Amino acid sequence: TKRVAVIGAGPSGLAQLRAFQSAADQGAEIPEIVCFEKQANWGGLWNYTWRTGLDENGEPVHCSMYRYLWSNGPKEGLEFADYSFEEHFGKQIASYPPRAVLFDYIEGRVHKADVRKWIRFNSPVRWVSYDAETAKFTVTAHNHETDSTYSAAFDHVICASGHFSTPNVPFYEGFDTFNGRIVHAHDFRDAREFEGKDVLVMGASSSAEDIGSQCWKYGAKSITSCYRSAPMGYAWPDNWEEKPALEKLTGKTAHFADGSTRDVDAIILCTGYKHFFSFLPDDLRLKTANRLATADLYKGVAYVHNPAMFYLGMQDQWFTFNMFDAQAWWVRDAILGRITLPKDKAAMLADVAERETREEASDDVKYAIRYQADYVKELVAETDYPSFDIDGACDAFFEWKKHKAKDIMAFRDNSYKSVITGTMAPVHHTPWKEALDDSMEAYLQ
């Protein structure tokens, strides 16, 4: 018989479990699945907590979400393929669900799946080794509930431990003497803290955009964002100037590359994350940049230096839930032997290279979206996963992109066509800038 260890109970690990349970429904025998989760409850990033730094058990807080956060993409872009919205909420909702709403939705199908009984919560994995003679992986985990660490052999390890949790926190001259709050996005929690204040937001990507907005919505005196590469470029509110790279701080004085100046009360470092695995030896440890074509993963899921070990979700993410399903099915199939991996490490490296180069062929954002779209499509064709209208996802993604470039601060006040009934979403009872309440029930009436 076989046993498989899944590290993480975020959307990815959860997707993996759904994958095995699905095959077992159909009538397939499956190996024992053990899923280790560090937190007390499933949901990965979506499992919000006020904590920052180390959690109550002393482990580093995984959560990177803050209050007042709504879906960054239209929900129509992420709608599951085996369980849809209305089926869980009963009704049609607006196009940008708040965190709680989406968490409840993520919760919906996982509960319905009866997978929870596979998850060991409060159980950070401490280490994973591979013995070539047994052909077994040895996972080592600490059970916080009983304060005891133990070890166990598995035939496979599927690492679903995320990569938007270990922050890149760069030092700039003046940071250690700045008389104000300096915080990475991983630790940002409540925008009310910056009400009436002058915020500096470093970065030009998703977090800078959304965290900047949050603080604008909740009353910052002003927003200053700064880029080091391409500006976010959107049409910013009155209190929002975008500026070139920081040189240094002197007091509360930000000096920028164009010689200009601004005094700010607070700095939110929206400078991204690293793929970091504290629990992996060199010959298992994935090392890569954040991007659509992840180094060292054949088919974007199988570890080239040891193909009995897998990784989910390690790509940068235009597509999310639907991708992790596509990935999890594939990894499932490879484990059940419906799919046979190459024994030729050269050829697995070839596959990665090809992905990298194709990814690099164009820098246009619609090309990039389309690209991960072709990826999902690739995967879904190679397993019994329900083929679905991905191009329909893409078309939503394209409308999204036109709404943000249109009016960055109102883009969440739009609706998009559904992909299962082509029916364009209703509007929300309330405008985003007015919708100060965050709660699920406020959203749902």
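The numbering used is simple: start at 1 and walk along the sequence shown.
Quick check: 338-346 versus 231-239, which has the larger average CA B-factor in the record? Mean B over CA atoms: larger for 231-239.
Hey, which bit's got the bigger mean C-alpha B factor in the entry, 244-252 or 285-293? Going by the record's values, the stretch with the higher mean is 244-252.
Which one of 122, 95, 168, 161 shows the biggest C-alpha B-factor in the PDB entry? It is 95.
Of the choices 91, 274, 305, 370, which one's C-alpha carries the largest B-factor in the record? So the option with the highest C-alpha B-factor is 91.
Chain-relative CA temperature factor third for residue 43: It belongs to the lowest third of the chain when residues are ordered by C-alpha B-factor.
Comparing residue 22 with the other modelled residues of its chain, is its CA B-factor in the lowest, middle or highest third? It belongs to the middle third of the chain when residues are ordered by C-alpha B-factor.
Third of chain Cα B-factors occupied by residue 205: Lowest third of the chain for residue 205's C-alpha B-factor.
Residue 55 by Cα B-factor - lowest, middle or highest third of the modelled chain: Lowest third, going by the recorded CA B-factors of the chain.
Third assignment of residue 84 from its chain's C-alpha B-factors: For residue 84, whose C-alpha B-factor we compare with every modelled residue in the chain, the answer is the highest third.
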